[PDB]
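Here the structure is laid out as structure tokens; the discussion comes afterwards.
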Ligand SMILES: *[C@@H]1O[C@H](CO)[C@@H](O[C@@H]2O[C@H](CO)[C@@H](O[C@@H]3O[C@H](CO)[C@@H](O)[C@H](O)[C@@H]3O)[C@H](O)[C@H]2NC(C)=O)[C@H](O)[C@H]1NC(C)=O
Ligand SMILES: *[C@@H]1O[C@H](CO)[C@@H](O[C@@H]2O[C@H](CO)[C@@H](O[C@@H]3O[C@H](CO)[C@@H](O)[C@H](O)[C@@H]3O)[C@H](O)[C@H]2NC(C)=O)[C@H](O)[C@H]1NC(C)=O
Ligand SMILES: *[C@@H]1O[C@H](CO)[C@@H](O[C@@H]2O[C@H](CO)[C@@H](O)[C@H](O)[C@H]2NC(C)=O)[C@H](O)[C@H]1NC(C)=O
Ligand SMILES: *[C@@H]1O[C@H](CO)[C@@H](O[C@@H]2O[C@H](CO)[C@@H](O)[C@H](O)[C@H]2NC(C)=O)[C@H](O)[C@H]1NC(C)=O
Ligand SMILES: *[C@@H]1O[C@H](CO)[C@@H](O[C@@H]2O[C@H](CO)[C@@H](O)[C@H](O)[C@H]2NC(C)=O)[C@H](O)[C@H]1NC(C)=O
Ligand SMILES: *[C@@H]1O[C@H](CO)[C@@H](O[C@@H]2O[C@H](CO)[C@@H](O)[C@H](O)[C@H]2NC(C)=O)[C@H](O)[C@H]1NC(C)=O
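Protein chains in written order, with the entry's author numbering: chain X, 1 to 146; chain E, 1 to 125; chain a, 482 to 503; chain B, 1 to 140; chain b, 1 to 140; chain C, 1 to 117; chain c, 1 to 118.
Spelled out as structure tokens, the structure:
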């Protein structure tokens, strides 16, 4: 009963853990990666965007080859970017995001804040947080029976 | 039986190791440091050269102050240099060798091979 | 909850003044 | 580039000439990469000024009397979403006195809003609530 | 150095001593270059602490029950502006349950801001709003 | 890739299997980027093995009985020219008795040549 | 700078003109910091030549026909005693046939002495 992902080829090295290969399988979402994968290659797939916290439960992961993928680089891709910059900085010079067409003109690392999904603090305008919605209703009661 | 070196002070932190203050005692040879030293400060001293292998039996060493010392930078000092290239590289820019006068012209890092006691292979016949 | 607790007594208080009005 | 600024290539200089909020240019060119705004009297930045520049790599905002309050929430809101963090390591505050010398990229919302509110704390909906409860008392 | 902690030269050590949010010393020494806080009860760090120590090189913050919400934003920002990122790979969110078991340095500011729910947290007073409108209808 | 030890993808795992100088494979694949040799009997790596692998990033080389003389100069020179220096802090000599327990990366070439003439 | 060589301020350039043991200048002036000898016919450097420059910082030696035998020993001996290793990672032998393209800084005295005497 191996913990190997079904559309993936995984091998166990005695002094190097679990090495999984999912290149060319046409994946769209991350498969069920076991709990002891130390290397993980996903190059040349159809991956769109990694779900946040996907690798947060895999302590031993140390190498991540993710180049040549159709990444939809937006806010949801932050988890990937901050991962690479924390573990494999050089990979930021070779991984590229496919969409939007504005951001598909270079590697992920050398992108300005605007073209890299320009979302830091989402300062939504003060017309929500339904005090305001009811506040106006409040003054409506003012016009009712004063 | 504390293992503190006699001309030095030692502070034992609960989860940071041993902080051994030996600054300003006017030493000329390294004291017999305990086997579990983590932090070591050796400024304000008059050290001439650290013998090779001094830090080789101290696995947990993480900081080492080498400034305020008149090193005689020659072949025997290479070991120290190599250590400072592997743990605290920035310290290369603030340690100077006092003698000879030929080599006392800047920090240890910005020194050419010749002024650093240019000994690679000592070919003799 | 808490940050509405300070006006929690206040909605009900002006509300009860309106109840007095009715 | 506007008259107060100087556009050299893809770089724009708008600093050291004491620009204030009133005399700050309303908009900047699209293609600018680096913008230095050092040595002016900029109290805070207008909303949506630095978020509309697609090619902005590094912006220099040091040596200015930044006033961290409600009106500075916009600029800080733009600081979090930046890949590079080197040229923002030493941005300082000059007012209010309660937050003197506070490093700009390490500011929380509540700290910035405390000076924003003249003193009606915890007013997520309280602002109109006080007025309308008083108004209902005024009716009957 | 503060009494609850243990100072040695430049280093300060405050680990494994049941240190809480309100028991943190107001201001650590300015010269400090390494502070440890492993194995404590710190839910978040107070603002203005980590930015008052310009000489800090590393800080140990693991093995603590970090509540990942708006109050933790000051820490996370400080986590971004560090050249070396070795000892920050084991900072997990103990709470809220929406972000159970997430590594802190990879948390964007979107997740932390949403935790201190501007809407969902407050409205035990949604019924209060309904009561305002209903008894205004009563008057009307 | 070399028969007498494990090999997966671009990594080779030759450790913890009692490899010696005579039994060591003659050469490794050109594209390898990791060579773990922990827990072996390598006295000193045969010359021309660490320069035939231009893609090698890290090579785990601890827990081995290294003998420090003329035969170990290629490995020391290889260690000198490497950007990262993390897994190279526990490489200790075993022979000769003159250089017992000497940390390899902090050795000049002269001490290595001393045990040779 | 000597007639075969060229001197640009503190720097001295002598490459891309096919220098050899006969064409190698007797010495260099003592104030230079960086010298380059790429793209010549230098089989080996004579002893006491590179280590006669007090201020030498980087000495490029790439793209030259370095034959590694006895005569190369004074060069490798000099290369060990350097504080930098960046500009010395792409030097390769060309002869004898036993050492086609072995890296120069990672060579052993035993090999350079074994391919020398019968
Ligand atoms: C650390 O280094 C400092 C200098 O970098 C040294 O401290 C020096 O200590 C001596 C005596 O301990 C001071 O000498 C003074 O001389 C006057 C002359 O009248 C006398 O009145 C004083 O009582 C004192 O003896 C000297 O001023 C002081 N240096 C400085 C710059 O103030 C020493 O090498 C180290 N300090 C230690 C080991 O405490
Ligand atoms: C923005 O900050 C700068 C930095 O101080 C201010 O520049 C200074 O402004 C004062 C006016 O408040 C100038 O004082 C004037 O000096 C002249 C002599 O040059 C004197 O004849 C006048 O009676 C007046 O006192 C001061 O010179 C000037 N500093 C420099 C270096 O020129 C600037 O005013 C600030 N912008 C504001 C407040 O809108
Ligand atoms: C890139 O991925 C594709 C599938 O996503 C790989 O599939 C190849 O497809 C061609 C076309 O039918 C076949 O001839 C090959 O035999 C397939 N190879 C494999 C391994 O599946 C393709 O190989 C991948 N390319 C690279 C360079 O890895
Ligand atoms: C944080 O403080 C609480 C106290 O409120 C600690 O909880 C105690 O844990 C010990 C053993 O784990 C129990 O014997 C006590 O009964 C607990 N206290 C209470 C009031 O029940 C908790 O251990 C502290 N956190 C850390 C990391 O030490
Ligand atoms: C290589 O080293 C290993 C240990 O590191 C040697 O293993 C020992 O072998 C002898 C007999 O050959 C046994 O009696 C020991 O019990 C073994 N040691 C262990 C820890 O199992 C091995 O012999 C060495 N290789 C050679 C050729 O001698
Ligand atoms: C130094 O080396 C160069 C090239 O390595 C030699 O140039 C060659 O000279 C021969 C005879 O003149 C020509 O047939 C070749 O075509 C030349 N090489 C090239 C690449 O054009 C040069 O002769 C050597 N110096 C000496 C003195 O022999």
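The C-beta atom is built at its ideal place from N, Cα and C for all residues, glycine as well.
Using a cutoff of 8 Å, the CB of residue 68 of chain E counts as near ligand 1, since one of the ligand's heavy atoms is closer than that. For residue 18 of chain B, the shortest C-beta to heavy atom distance toward ligand 2 is below 8 Å.
Residue 21 of chain c has its alpha-carbon roughly 31 Å from the corresponding atom of residue 76 of chain C.
A Cβ closer than 6 Å to some heavy atom of ligand 3 marks a residue here, and those residues are X:23, X:24, X:26 and X:44. Buried is the label assigned to residue 61 of chain B, since at least 16 other Cβ atoms lie within 10 Å of its Cβ. The beta-carbon of residue 13 of chain C is placed less than 9 Å from the nearest beta-carbon of chain X.
Three or more Cβ pairs closer than 8 Å define a contact, and the region 55 to 75 of chain c meets that threshold against the region 87 to 97 of chain c. Between the C-alpha atoms of residue 19 of chain C and residue 110 of chain c there is a straight-line separation of about 24 Å. Residue 56 of chain C places its beta carbon 9 Å or farther from that of residue 26 of chain C. For residue 39 of chain b, the shortest C-beta to heavy atom distance toward ligand 4 is below 8 Å.
For the pair residue 48 of chain B and residue 121 of chain X, the CB atoms are not nearer than the 9 Å cut-off. Within chain b, 131, 132 and 135 have C-beta atoms less than 7 Å from the C-beta of residue 496 of chain a, given in sequence order. Here the region 52 to 65 of chain X lies against the region 101 to 120 of chain b, with 3 or more beta-carbon pairs under 8 Å apart. Of the residues E:68, E:94 and E:85, the one whose Cα lies closest to the Cα of residue 46 of chain E is E:68. Here residue 499 of chain a carries a helix assignment [DSSP, helix/strand/coil]. In the DSSP annotation of this structure, the continuous segment of the beta strand (DSSP E) that includes residue 19 of chain X starts and ends at 17 to 21.
The continuous alpha helix (DSSP H) containing residue 139 of chain B extends over residues 126 to 139. Scanning B:40, B:119, B:46 and B:13 for the CA closest to the CA of residue 58 of chain B turns up B:13. Among the bridge pairs identified by DSSP, residue 109 of chain b is matched with none. Note that the C-beta distance between residue 78 of chain B and residue 113 of chain X is below 9 Å. For residue 15 of chain E, the residues of chain b that pass the 9 Å Cβ criterion are 13, 15, 16, 36, 38, 39 and 60, in the order they occur in the chain. Residue 23 of chain B carries a coil assignment under DSSP once its states are collapsed to helix, strand and coil. Judged by DSSP in its simplified three-state form, residue 85 of chain E adopts coil rather than helix or strand.
Those residues of the region 33 to 65 of chain X placed with their C-beta closer than 8 Å to a C-beta in chain b are 52, 53, 56 and 57, ordered along the chain. Following the DSSP letters along the chain, one finds residue 40 of chain X in no alpha helix (DSSP H) but inside the beta strand (DSSP E) bounded by residues 37 to 41.
Taking the Cβ of residue 65 of chain c as the reference point, at least one heavy atom of ligand 6 falls within a distance shorter than 8 Å. Residues of chain X with a Cβ closer than 8 Å to the Cβ of residue 6 of chain C are, in chain order, 13 and 14. When the beta-carbon positions are compared, residue 28 of chain B and residue 45 of chain B stay at least 9 Å from each other. When the beta-carbon positions are compared, residue 108 of chain C and residue 75 of chain E come within less than 9 Å of each other. Using a CB distance below 9 Å, the part of the region 113 to 131 of chain B facing chain a consists of 121, 122, 123, 124, 125, 126, 129 and 130, ordered along the chain. Comparing alpha-carbon positions, the option among E:13, E:32, E:12 and E:110 lying closest to residue 95 of chain E turns out to be E:110. Rounded to whole angstroms, residue 29 of chain E and residue 48 of chain E show a C-alpha spacing of 8 Å. In this structure residue 495 of chain a is buried. Its beta-carbon is surrounded by 16 or more other beta-carbon atoms within 10 angstroms.
For residue 95 of chain c and residue 71 of chain C, the gap between their C-alpha atoms comes out near 22 Å. Distance from residue 37 of chain E to residue 58 of chain E at the Cβ level is roughly 5 Å; contact confirmed, criterion being Cβ atoms closer than 8 Å. Relative to residue 132 of chain b, the option among X:129, X:128, X:130 and X:137 whose CA is nearest is X:137.
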